[PDB]
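Each chain, written out:
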Amino acid sequence: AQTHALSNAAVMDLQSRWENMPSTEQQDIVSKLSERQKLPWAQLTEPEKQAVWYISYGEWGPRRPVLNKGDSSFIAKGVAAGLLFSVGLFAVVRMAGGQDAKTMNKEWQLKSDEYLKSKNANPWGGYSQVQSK
Amino acid sequence: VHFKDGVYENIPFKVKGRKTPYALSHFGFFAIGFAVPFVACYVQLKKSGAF
Amino acid sequence: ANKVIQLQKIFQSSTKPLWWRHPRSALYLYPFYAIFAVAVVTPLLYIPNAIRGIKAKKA
Amino acid sequence: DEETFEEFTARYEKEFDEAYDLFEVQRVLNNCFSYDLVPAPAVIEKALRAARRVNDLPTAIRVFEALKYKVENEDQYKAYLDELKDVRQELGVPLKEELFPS
Amino acid sequence: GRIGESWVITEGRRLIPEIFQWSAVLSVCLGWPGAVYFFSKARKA
Amino acid sequence: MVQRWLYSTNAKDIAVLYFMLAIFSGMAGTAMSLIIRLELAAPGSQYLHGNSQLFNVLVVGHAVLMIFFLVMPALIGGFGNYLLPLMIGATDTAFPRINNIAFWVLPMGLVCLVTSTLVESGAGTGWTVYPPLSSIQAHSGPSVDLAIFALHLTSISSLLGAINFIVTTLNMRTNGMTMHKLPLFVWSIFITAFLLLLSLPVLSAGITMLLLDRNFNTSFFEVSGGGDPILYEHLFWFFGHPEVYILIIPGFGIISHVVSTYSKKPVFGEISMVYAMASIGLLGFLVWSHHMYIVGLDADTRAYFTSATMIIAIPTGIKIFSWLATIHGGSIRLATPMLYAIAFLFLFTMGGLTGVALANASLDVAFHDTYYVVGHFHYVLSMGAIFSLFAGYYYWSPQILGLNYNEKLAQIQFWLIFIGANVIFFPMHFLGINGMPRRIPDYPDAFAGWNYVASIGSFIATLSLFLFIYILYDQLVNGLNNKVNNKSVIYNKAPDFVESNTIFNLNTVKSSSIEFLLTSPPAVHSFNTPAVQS
Ligand code: HEA
Ligand code: HEA
Ligand SMILES: CCCCCCCCCCCCCCCC(=O)OC[C@H](COP(=O)([O-])OCC[N+](C)(C)C)OC(=O)CCCCCCCCCCCCCCC
Ligand SMILES: CCCCCCCCCCCCCCCC(=O)OC[C@H](COP(=O)(O)OCCN)OC(=O)CCCCCCCCCCCCCCC
Ligand SMILES: CCCCCCCCCCCCCCCC(=O)OC[C@H](COP(=O)(O)OCCN)OC(=O)CCCCCCCCCCCCCCC
Ligand SMILES: CCCCCCCCCCCCCCCC(=O)OC[C@H](COP(=O)(O)OCCN)OC(=O)CCCCCCCCCCCCCCC
Ligand SMILES: CCCCCCCCCCCCCCCC(=O)OC[C@H](COP(=O)(O)OCCN)OC(=O)CCCCCCCCCCCCCCC
Ligand SMILES: [Ca+2]
Ligand SMILES: [Cu+2]
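Thresholds applied
Residues numbered from 1 in each chain as written, not as in the entry; some residues may be left out. Chains lettered and ligands numbered in written order. Part of a larger assembly, values for the part shown. Heavy atoms only, no water. UniProt positions renumbered as here; feature names shortened; annotations may be inferred. Helix = DSSP H or I, 4+ residues; strand = E, 2+ residues; numbered from the N terminus. Contact = heavy atoms within 4.5 Å. Buried area = accessible area lost by both parts, 1.4 Å probe. Salt bridge = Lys/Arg side-chain N within 4 Å of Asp/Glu carboxyl O. Polar contact = N/O pair within 3.5 Å; in protein donor to acceptor, adjacent residues only side chain to side chain. Nonpolar A, V, L, I, M, F, W, Y, C, P; charged D, E, K, R; others polar. Near = heavy atom within 4 Å. Areas by Shrake-Rupley, 256 points an atom, 1.4 Å probe, with all protein chains shown as cover. Donors = N, O, S within 2.8 Å, 3.2 Å for Na, K, Ca; no water. Buried < 20%, exposed > 50% of the residue type's maximum accessible area, 1.4 Å probe, protein only. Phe/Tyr/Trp six-rings, centres within 6.5 Å; stacked < 30°, edge-to-face > 60°. Core = buried A, V, L, I, M, F, W, Y, C linked by side-chain atoms within 4.5 Å.

- Method-wise, the PDB entry is recorded as coming from cryo-EM, at a reported resolution of 2.4 Å.

- The name the PDB entry assigns to chain E is Cytochrome c oxidase subunit 26, mitochondrial, from the organism Saccharomyces cerevisiae.
- Taken directly from UniProt, the Subcellular location text for chain E runs: "Mitochondrion inner membrane".

- As recorded in the PDB entry, chain D goes by the name Cytochrome c oxidase subunit 6, mitochondrial, listed as coming from Saccharomyces cerevisiae.
- Of chain D, the UniProt comment under Pathway reads exactly: "Energy metabolism; oxidative phosphorylation."
- The UniProt entry for chain D carries the following text under Sequence similarities: "Belongs to the cytochrome c oxidase subunit 5A family."

**Things to note about the overall build of chain E**
- Check the secondary structure of chain E and you find one helix and zero strands.
- Taken along its principal axes, the extent of the C-alpha atoms in chain E is 65 × 15 × 10 Å.

**Quick notes on the interface of chain B and chain F**
- With 37 residues of chain B at the interface, the matching set in chain F holds 41 residues.
- Summed over both sides, the interface between chain B and chain F buries roughly 3500 Å², with carbon and sulfur atoms accounting for 73% of that surface.
- At the junction of chain B and chain F, the tally comes to zero salt bridges.
- Where chain B touches chain F, the interface holds eight residue pairs in polar contact.
- Split into classes, the residues belonging to the side of chain B that touches chain F amount to 25 nonpolar, seven polar and five charged.

**Structural notes on the site of ligand 3**
- The environment of ligand 3 is formed by A:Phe85, A:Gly88, A:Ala91, A:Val92, A:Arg94, A:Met95, A:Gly97, A:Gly98, A:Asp100 and F:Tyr452.
- In this structure, ligand 3 sits where chains A and F come together, each supplying nearby residues.
- Protein coverage of the free-state accessible area of ligand 3, which is 1300 Å², stands at 41%.
- By residue number, the principal contributor to the shell around ligand 3 is helix α5 (residues 71-93) of chain A, which donates four residues.
- Residue composition of the shell around ligand 3, grouped by class: five nonpolar, three polar and two charged.

**Comments concerning the coordination of the copper ion (ligand 9)**
All names here are of chain F.
- Here the copper ion (ligand 9) is held by the protein donor atoms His 241 (ND1), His 290 (NE2) and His 291 (NE2), which lie 2.3 to 2.7 Å from it.
- When the donor residues of the copper ion (ligand 9) are listed from N- to C-terminus, their spacing reads H-x48-H-H.
- For the pair the copper ion (ligand 9) and the iron atom of ligand 2, the metal-to-metal distance amounts to 4.5 Å. Of this pair, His 241 sits in helix α8 (residues 229-261) while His 291 sits in the loop between α9 (270-283) and α10 (299-310); the two residues are 50 residues apart in sequence, bridging distant segments of the chain.
- On the accessibility criterion, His 291 (31% relative accessible area) is partly exposed.

**Examining unusual backbone geometry**
- In this model, F:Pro131 is joined to F:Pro132 through a cis peptide bond whose omega is 5°.
- Of note, F:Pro132 is situated in the loop between α5 (96-117) and α6 (143-171).
- At A:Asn122, a residue that is not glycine, the phi angle is positive and equals roughly 40°.
- Looking at where A:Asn122 falls in the secondary structure, it is placed in the segment after α6 (106-118).
- With phi around 50°, E:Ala45 is a residue other than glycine that occupies positive phi space.
- Inspection of the secondary structure assignment puts E:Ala45 in the segment after α1 (7-38).
- Since its relative accessible area comes to 93%, E:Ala45 is described here as exposed.

**Considerations on the UniProt feature "transmembrane region" in chain E**
- Residues given the UniProt feature "transmembrane region" here are residues 7-43 of chain E.
- For residues 7-43 of chain E, the end-to-end C-alpha separation is 50 Å, with 86% helix and 0% strand making up the annotated structure.

**A few points about the packing of aromatic side chains**
- Across all of its chains, the model carries 67 aromatic pairs over all chains by this definition.
- Measuring from centroid to centroid gives 5.7 Å for B:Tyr42 and B:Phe51, while their planes differ by 35°, and the two rings are tilted.
- You can call B:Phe51 exposed: its relative accessible area is 60%.
- Their ring planes at 50° and their centres at 5.7 Å tell us that F:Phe185 and F:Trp396 sit as a pair that is tilted. Of this pair, F:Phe185 sits in helix α7 (residues 184-215) while F:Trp396 is found in helix α14 (residues 381-401), placing the two residues 211 residues apart along the sequence.

**Overview of the pattern of salt bridges**
- Across all of its chains, the model carries 19 salt bridges over all chains by this definition.
- Its salt-bridge partner being A:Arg36, residue A:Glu48 comes within 3.1 Å of it at the nearest N-O pair. Pair noted here: A:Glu48 is in helix α4 (residues 46-57) and A:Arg36 is in helix α3 (residues 23-36), with a separation of twelve residues, a long-range link.
- For A:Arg36, a relative accessible area of 6% gives the class buried.
- We note a salt bridge from D:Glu45 to D:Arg49, for which the minimum N-O separation is 3.6 Å. Of this pair, D:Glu45 and D:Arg49 both sit in helix α3 (residues 41-53), separated by four residues, roughly a single helical turn.
- When salt bridges with common partners are traced through the structure, they connect D:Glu3, D:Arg11 and D:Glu15 into a single cluster.

**Side note on the coordination of the iron atom of ligand 2**
- Only one protein atom coordinates the iron atom of ligand 2: F:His376 (NE2), located 2.4 Å from the metal.
- Within the secondary structure, F:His376 is located in helix α13 (residues 371-379).

**A short note on the site of ligand 6**
- All residues adjacent to ligand 6 are E:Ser27, E:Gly31, E:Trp32, E:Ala35, E:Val36, E:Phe39, E:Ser40, E:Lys41, F:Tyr452 and F:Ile456.
- Bordering ligand 6 are residues originating from chains E and F.
- Within the contact set of ligand 6, an oxygen atom lies 2.9 Å away from a backbone nitrogen or oxygen of E:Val36.
- Its free accessible area being 1100 Å², ligand 6 has 61% of it covered by the protein chains.
- Counting residues per element, the ones that place at least two in the shell around ligand 6 are α1 of chain E together with α17 (448-478) of chain F.
- Examining the composition of the shell around ligand 6, we find that five residues originate from one element, α1(E), more than from any other.
- Its residues assigned to classes, the shell around ligand 6 shows six nonpolar, three polar and one charged.

**A word on the environment of A:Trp124**
Residue and element names in this part refer to chain A.
- By secondary structure assignment, the location of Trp 124 is in the segment after α6.
- Classification of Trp 124 by relative accessible area gives exposed; the value is 81%.
- Sequence separation of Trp 124 and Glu 114 is ten residues, and the distance between their C-alpha atoms is 17 Å.

**A word on the nonpolar core**
- F:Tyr394 and F:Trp396 are the most contacted members of the largest nonpolar core, which has 169 residues in total.
- Sequence-distant contacts of F:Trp396, that is, excluding residues within four places in its chain, are made with F:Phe79, F:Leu83, F:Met87, F:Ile254, F:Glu515 and F:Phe516.
- Counting residues in hydrophobic clusters, the runner-up holds 48 residues, among them A:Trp41, D:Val28, D:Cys32 and D:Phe64.

**Quick notes on the arrangement of the chains**
- Between all nine pairs of chains that are in contact, chains B and F come out with the most contacts.
- With respect to C-alpha atoms, chain A approaches chain B no nearer than 14 Å, and the pair has no contact.
- Separated throughout, chain A and chain C approach each other most closely at a C-alpha pair spaced 28 Å apart.

Take a look at the structure:
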């Protein structure tokens, strides 16, 4: 096998540099580290060890997560912006609706309660009709 | 019968290589669907004399 | 008489669609297509009156 | 499936000795950690000696990482690191915390 | 014997925080109409 | 081009036409429910100028479009025709020309229902079309005829398709696959095909007899000739209930696949899932008169139907606990299809528990024509069957189309419909328990409160549908780019814990059904040498 170690310029910070490396240069690093793992493992250097762990189980390629960092916050902002737009659109279409019914006032609703209190309406759960201005 | 294979070949509508933008077909198709209840209302409110 | 084998070789060596291979198929397909067009167009030409409430004066 | 714990170790010990490439050592290891039990120390030792024979260091590191997920306490993780002391030292296997210290 | 702390302490430490997070979610899913009535004219005048 | 899409004999091409028509119809049925909810916002005439016939017309159009022109051509006409032949190894369907006529009758049934609302005054009858309100005395002119012919054309469609589904499953399985080895989604289309075959012919008797009273001087239901209106309800509801199960079971089979994929576990007790689906399909023929509890039936008739209706809760609850058992102890991956499936388990349980109260005949006296009923069946049909339809599209469309969708845009879409659907239908139970009748355009003033809240949620949910229409546009124009940037999910299963990144590239797919092993857009000649299993 290839015995000489890989140089520090080659595998210094493999995790940070891996994503931008050209593909043919990625294959060459893998080939040399495969011959190096055939030696006793107590000889290998730390940058060499961190490279072999990262290439197998690093959070890249297949192991890319469902949401990237900053995506949940985009989602919460998009939901709150969708609630605001629909509610403000409802209030514009309401402005083209028909006039209020003649009975939807507090003055009319307080004479309704006058009639119901005499007839003893809802004697344990309330009869009041007041819901307007 | 022999047909072609690929990405945009198993659908009846054209998406690429067309003169007019595909947005006019995509949203025009779903606009006409959303608009048939309002055509019905117009005919019937024009029969009751409301208009 | 028996004509299964003879029609069997006409059909299997023909390029035309299935409903066109028999030599007698022109006499059915030409008049059917004309009749099929009248039977589809004419009911459609009456929906304008139905929406407008005009009834035919068969009287 | 009625397999006692003693039959579990004696069957996966046999299964780690027959693995002949990396695909086989990773596939057997995946199934061994997928039951409702932590494999015995004598099973972990045979999984380390199987990754040495196919010459793969990251698979031996991941063995102890799965071990710290499967135990119930952190004092069960320690007692394993105190049984497999020589083997982790004789083959030269580091711990993932020792390799990427925080 | 058993190594480490009792399984009651280990499981207690994991579920108690989740009971409170469950009751704060189901209250929102079932009690959100109570807030609409809180800001209404009909309520408490 | 003309003969590929007008002369088609391929089951994949026909399934694409189904989905195109199904989604064009949900536009119209959603627009009608929006007009309905605007007129219910406040007391008084609001937008329809006091035309109560028009309000009733839009309610019939709303129900017919949602049921017979959206949910059936998509769950069955679409997913059944596309995934059932691929999941069993079939090279086509049996009867490919029958498969094509069962689609082309639905466009002709739409130009019958639409022209029904434009002629005279339309059909303001309800989707059940009870006589004598729907006879020529109380509904003159050709509107109710044109609506019956529309229903006839959807029955020809569903019956012909069911005969094709049954023969294909029994006759065209691949080497080694026995009936105990079928995928659970194949079982759900097979059982549904039998309910359609035994219930549709009873509905065609009822509504053809209604057509005869109107135009041929007949007294099946006319009271002056001896007929009986209560006969029509027996004949209509003997098809009705089986229909609601014809609408949920295909969604039961979709939920099974999605939950198993995003747990990395097989379905718990897979054999008892088929037995439960068969028991629910059988008990759905013995319960129909829970829809007639107050029309004057005998007290011993009503006590039978109470106990018959309740015991369908036992097999359904087995499927609920079974689904919770497969996700327990899993490795859950929260992609968009998994979000809908978890919401289905919570919102279907709620809708089904309000049905258990309705099952008792004594309590249904306070629950007849009450909004409370409307609240029950929008929880199981709109947070039920509809949520399983979204789960299916996000699960299979990247494979079917070869084009990926924007993932984070799709999670915004899910939350906007989950929030908005709950706002429409949860207060419906409050209105009903206090006594608000259904099928009214106008109400007393004490019902204004909850009716305003529900009309707001109706705008939230329509906005979520418009976001889905944009997501379709983005997938069709930018689908190839969604694979190279990080805007979409590539693998629905990730590497196992000890499996390295490069070993994972040897077998990217770990699937227990064939469909994820094909080319991304599957080939038009998918099998030449038959697939083989042990
Ligand atoms: C399929 C069944 C279905 C669906 C989905 C809906 C959806 C909705 N329904 Fe309706 N409804 C019925 C079936 C359905 N309904 C029936 C049978 C009746 C009774 C008729 C009768 O009384 O005669 C009824 C009655 C009814 C009434 C009673 C009116 C009255 O009594 O006169 C009201 C009132 O508001 C109402 C409202 C709504 C609303 C607001 C929605 C909306 O919330 C919809 C919310 C969600 C969506 C916007 C739909 C999704 C959009 C799609 C196009 C899906 C596309 C998906 C893919 C292709 C992947 N419905
Ligand atoms: C998808 C459609 C669908 C589904 C699945 C159902 C399911 C059920 N329905 Fe529903 N129903 C409709 C659609 C549907 N319904 C429609 C459209 C109407 C109105 C028609 C019209 O008038 O236009 C209607 C109306 C209707 C009526 C008539 C009421 C009336 O008109 O006055 C009744 C009567 O009993 C009923 C009951 C039930 C019951 C018991 C179930 C059961 O299957 C539910 C069982 C499910 C569960 C129970 C949940 C999970 C169970 C467990 C977790 C087990 C543990 C539980 C216990 C021990 C209780 N519903
Ligand atoms: C964190 C917990 C959750 C957080 C909770 C978040 C959700 C909270 C929801 C609370 C908001 C609810 C408000 C309800 C809407 C409303 O009240 O509208 C008020 C009125 C119309 O209301 P109305 O009473 O029905 O009108 C009567 C009909 N007449 C008689 C007029 C014909 O409207 C009017 O006529 C006057 C207002 C005119 C509109 C301008 C207002 C701003 C809209 C701008 C438009 C922007 C978008 C449209 C783009 C085209
Ligand atoms: C439920 C009560 C309120 C509902 C209505 C309001 C909804 C909130 C508005 C939208 C929230 C946006 C949050 C951003 C996404 C996020 O949170 O993502 C955070 C996590 C993971 O992402 P991460 O943080 O690890 O990485 C972030 C990288 N950028 O995803 C989740 O956990 C999703 C939770 C899935 C829930 C399934 C569907 C829930 C409905 C079922 C009913 C629940 C049971 C009820 C009984 C208890
Ligand atoms: C109006 C434009 C005319 C332009 C004038 C021509 C000048 C040259 C311009 C070139 C364009 C040629 C125009 C030809 C027509 C055309 O390509 O798009 C026009 C087509 C119409 O035609 P149609 O064949 O689909 O039939 C239908 C006619 N009723 O719109 C559309 O369907 C848009 C439909 C998109 C929505 C469908 C989304 C579904 C996605 C598939 C997912 C399936 C999932 C399956 C799961 C089971
Ligand atoms: C699972 C899904 C949950 C989603 C949560 C719902 C939030 C989405 C938006 C809901 C729309 C609000 C309708 C308002 C209609 C209206 O106009 O209200 C009118 C009332 C006054 O009444 P009035 O008679 O004067 O009206 C006069 C008519 N012209 O003003 C209000 O009360 C303001 C709204 C209060 C805000 C509460 C919103 C709910 C949030 C719940 C938070 C958790 C609560 C937990 C309690 C235990
Ligand atoms: C309003 C008045 C009522 C009218 C009834 C509706 C009319 C629609 C159909 C018109 C008939 C055209 C012939 C098509 C049938 C055919 O050709 O069946 C022949 C098919 C051809 O098989 P293949 O070509 O697909 O495969 C290619 C193999 N060579 O053999 C089969 O499938 C075998 C099973 C036969 C079942 C046929 C069922 C009969 C269809 C009518 C069902 C109507 C049900 C509703 C009853 C009211
Ligand atoms: Ca009104
Ligand atoms: Cu029912």
